[PDB]
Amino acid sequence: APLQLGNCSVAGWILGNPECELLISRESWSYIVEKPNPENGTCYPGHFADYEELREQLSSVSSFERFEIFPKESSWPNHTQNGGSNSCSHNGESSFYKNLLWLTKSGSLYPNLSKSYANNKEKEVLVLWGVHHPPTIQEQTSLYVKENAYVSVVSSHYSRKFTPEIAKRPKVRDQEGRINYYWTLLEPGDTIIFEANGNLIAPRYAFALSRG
């Protein structure tokens, strides 16, 4: 049976655009019903890497389970959670993606972070995250203290280092910075490692699924 996304795009649904919350829960589906120009997608602008592939891999799913891979209340004792954005407003108030967590400095430091997850389930786990690129060096230091940060994401079948590039993009939804979104499928028995000293839009909810 088709997956009805209403006014949301796959990106808005899978990242957890706050306006995509009322979507009814589904454990299986075949074919995703998406409008030609969905109103609610990447509310904070950025590049969604490998997006068409992700759309194809999620077109038919037999089992789908969202779980809190990095629980908000216990995973980030050394960092704060940003106030989100007006670009991702819900009910006239600034908010952010439900499935991601915008980490910011705690006090005068953004401490180095290392967070890992072992796929204890017997299904593949879809993990999503982002990398923030501020428009100015003032916003970079205001949020993350250090001027030159890195993000590192490594599994047994994934390894990538991300470097924020500070510059004004054309304004999109009143935002000249960007958050680039990435994902990988974590096979059972594999471990994913997140390392960063700034600019990490951390996973909060991941998805254990069986494709096809």
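Don't overthink the numbering: it's just position in the shown sequence, from 1.
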| query | finding |
| --- | --- |
| Between 172 to 180 and 140 to 148 (mean CA B-factor, as deposited), the higher | 140 to 148 |
| Mean temperature factor over C-alpha atoms, higher-scoring stretch between 46 to 54 and 181 to 189 | 181 to 189 |
| Criterion, highest CA B-factor; candidates, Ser87, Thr104, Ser114, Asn99 | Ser114 |
| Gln4 - which third its CA temperature factor falls in, relative to the rest of the chain | lowest |
| Third of the chain, ranked by Cα B-factor, where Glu65 sits | middle |
| Lowest, middle or highest third - CA B-factor, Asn197 | middle |
| Where the record places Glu27 (Cα B-factor, split into thirds across the chain) | highest |
| Among modelled residues of the same chain, the CA temperature factor third for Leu128 | lowest |
